[PDB]
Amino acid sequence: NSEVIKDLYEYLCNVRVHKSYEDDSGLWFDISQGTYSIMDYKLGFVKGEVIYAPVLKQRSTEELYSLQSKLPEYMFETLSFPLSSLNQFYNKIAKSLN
């Protein structure tokens, strides 16, 4: 039944969560966010916070240049931030993809 709820969030929020895993000491999520503008990334939880890691290897050259004109530069970098700002972040991304 979880499968169906994923499907809902994808159409409702344009986000998909694929896999879950604790490695090192951190809960990591493979996230996919789109609208054909798609930004892949991982969210890792090692609260002491959230660690954002862009996944650009599925991205073609054109798509990268396209995202560059939409996403802030720091979206292509690895970062860290608290949960209070996770929706801020998600929004920032969603808005960027128009």
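Numbers for residues come from their place in the sequence shown, where the first is 1.
Per the record, residue 35 and residue 36 are separated by 4 to 9 deposited residues that are missing from the model.
Unmodelled residues of the deposited sequence between residue 48 and residue 49: 4 to 9. When 25-33 is weighed against 69-77, 25-33 comes out higher, by mean CA B-factor as recorded in the entry. For the pair 15-23 and 83-91, the mean B factor over Cα atoms is greater in 15-23.
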